[PDB]
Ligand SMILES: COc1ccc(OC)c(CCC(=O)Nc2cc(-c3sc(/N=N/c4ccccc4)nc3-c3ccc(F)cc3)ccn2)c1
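Just the one chain here, laid out as structure tokens, in the form deposited without the named molecule.
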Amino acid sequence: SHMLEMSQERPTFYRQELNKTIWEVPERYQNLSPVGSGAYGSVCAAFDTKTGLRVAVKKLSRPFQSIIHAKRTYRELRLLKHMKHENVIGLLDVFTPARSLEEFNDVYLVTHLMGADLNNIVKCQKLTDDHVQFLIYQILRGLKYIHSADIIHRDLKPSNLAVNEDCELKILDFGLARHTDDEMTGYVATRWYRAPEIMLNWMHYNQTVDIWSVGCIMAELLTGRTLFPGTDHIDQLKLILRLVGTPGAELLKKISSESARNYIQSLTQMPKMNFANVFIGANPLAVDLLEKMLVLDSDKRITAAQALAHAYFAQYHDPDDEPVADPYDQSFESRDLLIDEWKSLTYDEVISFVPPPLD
């Protein structure tokens, strides 16, 4: 009760070559195999001899490279420490082999190993309607939680959804610091899921950007193809309007772009398509839910919690089992700091980390 620990031992670490580099981890982790071929960060599967479960370990090897990297590192760590939900990626551990700040460089993060992203799942499976309900249900259950903390994902796409062989899903990698990307081969899966608001910088937008992404993802799960596979920003917009209909005078007045308003008006007008014609052989409740998600007006789009109560998720929905997050204090965002300043704050977050209890 009033007994206190008067000191603490650092775990022993060991070193090894992985992905052509030096991974140096506590002897708590064993059998680290690379996963995902760079696609994620550097992420190795491993065995956590403490919790006795397979884990994933990610190495940030460029976190304090610049003021922009350094703040992003602190951001991602504060977010990941905060997220404590069944459908959101959070942390089993975070460590560094630095014995002090003067030695601090690499940060490693540890979470439960899932074994796939949703892209991989869709690639080897036509998913049944039941698998669609359950996967979409979990996306929405995670987003209800994230949104209740005033956080928005902003990307949300299948490569940001980790899934295991029990069809359990967690949301990874929020949309301001989210691996290495830009444009390397094709267009990759990067623009296809994005809300139009934010694609063309329309308003200050709201959280229902992520619901647009959910609709796009759900559409793909159902049909097996990308809903709006645009070739560039403008094409993507055309493909979107072809389905949802060109926005009306009132919705246009609600946006502050001079460019978008004038662009969209040169475009031949189109009425909303019949969604039962596009989403064939699907549960009609599935279709009705798409109609509430794939709306252009942010103010008229379904919320994460509103969608959870939609008759599509009757088997899974349970208002008592859809937790909300503690308030998340993002004060640090309004600071203009140097490197060795974001770096000490981050070092303070690593060493003050408290692991979840066993069980």
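For every residue, the number given is its place in the sequence shown, counted from 1.
The same protein has a further form, the form deposited with the named molecule bound, not shown here; the description that follows concerns it.
Student: Can the named molecule, laid in as it sits in the deposited complex by superposing nearby C-alphas, fit this form, that is, is the pocket open, or is it blocked with 3 or more ligand atoms within 2.4 Å of backbone or C-beta atoms?
Tutor: By the 2.4 Å criterion, blocked.
Student: Of 53, 311, 324, 39, which one comes within 4.5 Å of the named molecule in the deposited complex, counting heavy atoms only?
Tutor: The residue in contact is 39.
Student: Since exactly one of 189, 243, 176, 282 fits, which has a heavy atom within 4.5 Å of the named molecule in the deposited complex?
Tutor: Spelling it out, the residue with a heavy atom inside the cut-off is 176.
Student: Quick one: find which of 110-118, 271-279, 95-103, 285-293 has residues within 4.5 Å of the named molecule in the deposited complex by heavy atom distance.
Tutor: Answer to the contact question: 110-118.
Student: Could you tell me if all three of 35, 43 and 91 have a heavy atom no more than 4.5 Å from the named molecule in the deposited complex?
Tutor: So, yes: the whole triplet contacts the named molecule.
Student: Spell out, yes or no, whether the shortest heavy atom distance between residue 58 and the named molecule in the deposited complex is within 4.5 Å.
Tutor: Residue 58 belongs to the contact set for the named molecule.
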